[PDB]
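Here the structure is laid out as structure tokens; the discussion comes afterwards.
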Amino acid sequence: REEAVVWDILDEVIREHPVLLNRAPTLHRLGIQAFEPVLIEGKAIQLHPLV
Amino acid sequence: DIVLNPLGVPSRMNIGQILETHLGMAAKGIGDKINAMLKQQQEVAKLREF
Amino acid sequence: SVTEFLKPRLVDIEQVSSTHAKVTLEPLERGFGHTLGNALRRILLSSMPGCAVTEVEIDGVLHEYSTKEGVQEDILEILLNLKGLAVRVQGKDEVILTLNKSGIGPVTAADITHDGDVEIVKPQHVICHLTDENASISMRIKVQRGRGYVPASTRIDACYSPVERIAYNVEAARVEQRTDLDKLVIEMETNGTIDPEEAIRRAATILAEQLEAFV
Amino acid sequence: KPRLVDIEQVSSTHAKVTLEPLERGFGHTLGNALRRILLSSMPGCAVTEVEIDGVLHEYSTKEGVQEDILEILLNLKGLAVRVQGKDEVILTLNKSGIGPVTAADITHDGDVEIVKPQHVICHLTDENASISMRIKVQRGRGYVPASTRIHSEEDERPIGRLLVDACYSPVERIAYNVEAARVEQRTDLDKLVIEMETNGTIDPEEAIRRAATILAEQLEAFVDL
Amino acid sequence: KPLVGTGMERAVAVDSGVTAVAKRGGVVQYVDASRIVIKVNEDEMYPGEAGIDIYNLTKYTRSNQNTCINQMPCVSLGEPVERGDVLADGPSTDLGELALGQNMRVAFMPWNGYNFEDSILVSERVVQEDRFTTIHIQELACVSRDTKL
Amino acid sequence: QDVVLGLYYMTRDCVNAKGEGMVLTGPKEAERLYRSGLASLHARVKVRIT
Amino acid sequence: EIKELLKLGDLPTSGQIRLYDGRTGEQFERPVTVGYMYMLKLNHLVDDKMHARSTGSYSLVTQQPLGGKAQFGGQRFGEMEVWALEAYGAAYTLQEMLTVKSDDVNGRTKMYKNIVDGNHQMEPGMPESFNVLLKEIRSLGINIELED
Amino acid sequence: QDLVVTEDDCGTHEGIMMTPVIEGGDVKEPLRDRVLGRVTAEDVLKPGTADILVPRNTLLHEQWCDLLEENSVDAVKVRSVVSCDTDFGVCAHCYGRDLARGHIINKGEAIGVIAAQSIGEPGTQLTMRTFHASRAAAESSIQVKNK
Amino acid sequence: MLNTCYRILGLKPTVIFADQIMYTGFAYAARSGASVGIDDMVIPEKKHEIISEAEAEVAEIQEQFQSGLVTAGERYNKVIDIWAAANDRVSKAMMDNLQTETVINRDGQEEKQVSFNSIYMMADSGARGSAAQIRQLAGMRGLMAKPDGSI
Amino acid sequence: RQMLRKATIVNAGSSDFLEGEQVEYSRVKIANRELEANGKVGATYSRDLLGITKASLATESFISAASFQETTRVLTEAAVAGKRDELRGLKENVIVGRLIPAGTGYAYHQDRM
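From first to last, the protein sequence lines stand for chains A, B, C, D, E, F, G, H, I and J.
The first sequence begins at 403 in PDB author numbering and counts up one residue at a time.
The second sequence begins at 1095 in PDB author numbering and counts up one residue at a time.
Those letters in the third sequence? Residues 4 to 159, 174 to 232, per PDB author numbering, in order.
The fourth sequence begins at 10 in PDB author numbering and counts up one residue at a time.
The fifth sequence begins at 697 in PDB author numbering and counts up one residue at a time.
The sixth sequence begins at 504 in PDB author numbering and counts up one residue at a time.
The seventh sequence begins at 1194 in PDB author numbering and counts up one residue at a time.
Those letters in the eighth sequence? Residues 805 to 936, 941 to 955, per PDB author numbering, in order.
The ninth sequence begins at 604 in PDB author numbering and counts up one residue at a time.
The tenth sequence begins at 1258 in PDB author numbering and counts up one residue at a time.
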């Protein structure tokens, strides 16, 4: 049914467990670069501009 | 309403983008004027001549 | 009610020394991190009453662009050393003071005649240095009262602000049954004779003073 | 202190307010601060829940009308309401015949008063047509779709009440100007001349007074701490 | 619509067959949302019983690529019509002009890089004006039977 | 794109600007040029850089 | 033609007006060009490309998940990302994708036992999909049996 | 595929000399970019003293030492992946040290994959080269621009 | 610079340097608030000169076609080389009538500066791409060969 | 530095006269012969140096060869030649669910093998 309390509990793990992200084509050692997750309330995934 | 980047415009190439936009303003700038004649309840002969 | 909302709550301040400060704010609505944040930037710069150096008469020099006999620091350098010097005045409005100094040693800051209603906050300030032989300077300094900055170019430089630097940051935050809320993290630096709490409280009451008529 | 005097009132909808006295960093501040107050945080009135007599679900076509329901939903969104007397009221649109649907022709219940009469909500084509809309209104603060109402439910038994994207803000447009000024016995002042447009849902004085007290409300904590 | 047009728009929508194309010329009888009926007056039919043109307007219908197709009226309640005039605009069409998308206020500067890499900001007055609203329509089908008992 | 540019867009031998040349210590700098009149670009201002 | 129409409607020839920000309030140093682009919308929206599925169903050939846009949220890795993965100096983040949690259903299910509590440590055995290497060659008419 | 760092170090002290290409006219390639992170075997600069050491590092600091001072010395001895004792895998002192955080990362590391992937993406950069007189004056006669 | 950050300093301090280059460097991009306009860029007024020179220099050889002074194979090459001589000239005439054109009075009056307009501060800075790209929008169109390879 | 490996054998001994052998066989065989085992059999190796296709064909692995190359031939080849894997490289380990020496792996593979 989806709940409000669930969100609050899962704010804790996000800092403790990272995310590994890549493109559809990857060739370098610059593909599988991984990032620490941070809380956001928006569908489309925000990131750095350098990487 | 929308905001674009000016950074793609010189890398790959569009001048039509520039022209359409400045003409879009030009089209709607004349458009903004013509409403006022009707927004003030003026009308009669003048609207035609503009 | 159906018109009321929830007001902000500070109580998360990173207090590092008397001079610098790093305040945070957990709750603020959409539209309200950017407002107040930017409004107070343009309050805490122009409208900040302090005390600073204005007009000065040199004993052996008339015009600024000269070089003194037996000193390393130029006048243009020393002008700026005087600008950053911090003063509090309670009783009077405007006072004329003197810098009687001579000998082998560094120019401190205390060696002024502590006049009537004059209180200085900082003693270790390097205004100048004196070199070989004895040397001697006796500056007839004058001070005025103001509100904002007035430079020398406009005067056909005074520094009337306790605020050194202003930087407000805006970042996202999470709360229970909500979408997005703008956290106001405010980075401030003061040195014009004012602790961070009093400045903001004054700026808030001065805003309140202006907004009293509006209400 | 400043002085709220000298307002150029042109009609009930549009407004051009002026402010003679304000200090040197205070024309620009409050001017821009209130821009971002008078848009999101604006208590007004708009359409929420509506029961059709002859239709239960949207996505259909009425017998003897040009305009579709999805079109008409949006016609209702842009409609302007003023309420003084109660909190929430249920009203009816009893209309029939060959003629264009105006805006007034409702039973003016207790303390209900409309500001704008010439609004085209619909058109009727056929001779002996008839519609009798059981419209409902709520009270709010910001713009509201419907999803947040679904999240908080409990005792729920309506289906026929078709939902319309709500538009709780009176303000159409915001523009503050800043110019320099001369006044007897003073040095320099930034005059705040404020150009405002409202949907017919709030008069200029109340909006600003609310925004000032709402600012005061937020600044109460700042002054206290 | 497009307010910067070209000139081609008037021939394309008519020869498409999407929008309701008037074959003959007369005067509109009864405009409804559902169907538009039109008296001929000018010619009259060959065997008898006058002209009378009728148009069954297609609404809330489906396509192959999961979308909505709605035909909508244009000309007023009882107005005259000529041979080859648009009566009802289809989906994403308006007064003999091909609309497709919409008219947008667009600026050409960065905004602390919320436009970094050819990305777009958008204001809330876009979404609030109820502009780009679309129905993505899907077939959810079932077969039960086919037995020998 | 937007990173690179911004930095030069600030760090430039600018044509005149409002200022000519008013000398500043260090902490006072950024602000005077952010505050009023004095732009951000200028060209030519000397500083007690630590 | 542009400018004469711009002249008919009281507009700048530059097409550049220095505008006061709705945010901060201040004007820009240079004059920002503003226009109307006539932006349009396109088909492949969020939902078409966006997929994410944890655990559930599997394909019929091998004990692997399914193709895509039908049953399980697979989303393939390919040869390109493996060559990538190996170089990233990581033994686990390869094995987890190709032994622990893909090719083995039961390898997931004995690890469903190990993850939740927080006990950890790995045991694979044989990687299931490669028995199809062995078997298809066995049926080819060649002999393969795990001897020694 | 399988060609990687194992073990400690190269025992043998032989290698390929490092020069610039010195192509035709002006300096197309300098000495500075070449030596970056490449170990010294013996390497004698000056007219017979010491300068460079038997195993020590050519990171970032000793470069400006050998490139601002003693500019006359153009040719210097340098090691290579082939030039090692142990043959299974390859020895660490031979290669070079091109990396991210700290210079020289740990023992037992991929290498062969670094290059092949770092030549992988510039395999998109090259474009097959897109459609790219005999005067008896300027070419037959050799000309010098600088003093 | 970040090179010399990371080469001199280390790991602990150099993160602080690079961060701002983004966050502030973007904040620096908006505050300027430049433009993409028609008048932002200025083509040289002498068009009918270097082009007609390129025309006439070729027409001089094109008369040598019709009459007979050059050889048929080299005739293409000489016409091309003479056209292509002016292509670089128009591009250089562009680059000079663009970059080093300010003319402004600084207190004591009459002074030349580096012109900081729209696309210069895209290019000089180094956003992306190059100068040969910009020239197209501006002056001369890039020459594309026949399907075989020759021009 | 990876290509330069295969070699035609020069001298006669335990090696096969003038056949095909790698650098890893050649150098180790030469080295062990010097001052313990046998002087003369100490055979030199003249170089056989190839391109991307032909050199990579020579895999000591019979799991791996039987994937990259035309598996029409090589799975049948590893079968026909009765070849037994017993390798400790990165090829075979990705496949049959064994551990690659890679990064931290090396620390374990130094203790294990």
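We treat Cβ as the ideally placed atom computed from N, Cα and C, and that holds for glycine.
Cβ neighbour criterion (16 or more within 10 Å) applied to residue i
| i | result |
| --- | --- |
| D/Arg-45 | buried |
| D/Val-192 | exposed |
| E/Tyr-742 | exposed |
| F/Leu-536 | buried |
| H/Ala-904 | exposed |
| B/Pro-1104 | buried |
| J/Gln-1367 | exposed |
| G/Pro-1224 | buried |
| G/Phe-1221 | buried |
| D/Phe-231 | buried |
| I/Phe-629 | buried |
| B/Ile-1112 | buried |
| H/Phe-935 | exposed |
| D/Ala-220 | buried |
Anticipated Cβ contact below 8 Å, residue i with residue j, distance rounded
| i | j | result |
| --- | --- | --- |
| J/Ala-1335 | J/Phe-1325 | Going by Cβ atoms, the distance from J/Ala-1335 to J/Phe-1325 rounds to 12 Å, so no, they are not a contact pair. |
| H/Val-809 | H/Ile-915 | 6 Å |
| D/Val-64 | D/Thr-134 | D/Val-64 to D/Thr-134, Cβ: 17 Å. No contact. |
| H/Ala-945 | H/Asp-812 | That belief does not hold up - the Cβ atoms of H/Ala-945 and H/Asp-812 are roughly 60 Å apart, past 8 Å. |
| F/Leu-510 | I/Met-724 | 11 Å between Cβ atoms; not a contact. |
| J/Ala-1269 | J/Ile-1287 | 14 Å between Cβ atoms; not a contact. |
Simplified DSSP state of residue i, which is helix, strand or coil
| i | result |
| --- | --- |
| residue 1136 of chain G | An answer regarding residue 1136 of chain G cannot be provided, because it is not within the stretch 1194 to 1341 covered by chain G. |
| I/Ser-718 | coil |
| H/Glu-827 | coil |
| E/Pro-787 | coil |
| I/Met-698 | helix |
| I/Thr-607 | helix |
| B/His-1116 | helix |
| G/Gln-1268 | coil |
| G/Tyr-1213 | strand |
| I/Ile-683 | helix |
| E/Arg-801 | strand |
| F/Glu-532 | helix |
| residue 173 of chain C | Since the numbering of chain C jumps from 159 to 174, residue 173 of chain C cannot be located in this structure. |
| G/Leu-1326 | helix |
Identity of the residue in the options nearest residue i by Cα
| i | options | result |
| --- | --- | --- |
| D/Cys-54 | D/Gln-93, D/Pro-30, D/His-66 | D/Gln-93 |
| G/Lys-1294 | G/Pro-1258, G/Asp-1241, G/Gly-1218 | G/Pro-1258 |
| E/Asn-760 | E/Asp-728, E/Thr-843, E/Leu-773, E/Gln-834 | E/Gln-834 |
| E/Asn-766 | D/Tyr-68, D/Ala-42, D/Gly-87 | D/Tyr-68 |
| D/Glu-97 | D/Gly-119, D/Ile-81, D/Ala-113 | D/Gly-119 |
| F/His-545 | F/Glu-523, F/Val-506, F/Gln-504 | F/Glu-523 |
| G/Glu-1194 | B/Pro-1100, B/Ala-1130, B/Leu-1117, B/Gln-1134 | B/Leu-1117 |
Below-7 Å beta-carbon distance, residue i vs any chain M residue
| i | result |
| --- | --- |
| H/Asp-813 | Protein chains in the displayed structure are A, B, C, D, E, F, G, H, I and J, and chain M is not among them. |
Next on the checklist: Threshold first: 3 residues or longer. Then list the beta strand (DSSP E) segments lying entirely within the region 1271–1322 of chain J, N to C.
Outcome noted: 1302–1304
Checklist entry - Along the chain, which unbroken stretches of the alpha helix (DSSP H) at least 4 residues long are found entirely within the region 808–840 of chain E? => result 820–824
Item to check | In chain order, each alpha helix (DSSP H) run of at least 4 residues that lies wholly inside the region 102–187 of chain D | outcome: 156–160
Item to check | Those runs of the beta strand (DSSP E) which lie wholly inside the region 730–799 of chain E and span at least 3 residues | outcome: 731–735, 749–752, 782–785
Next on the checklist: Extract the residue ranges of the alpha helix (DSSP H) inside the region 1281–1310 of chain G, only unbroken runs of 4 or more that lie entirely within it.
Outcome noted: 1285–1288, 1298–1302, 1305–1308
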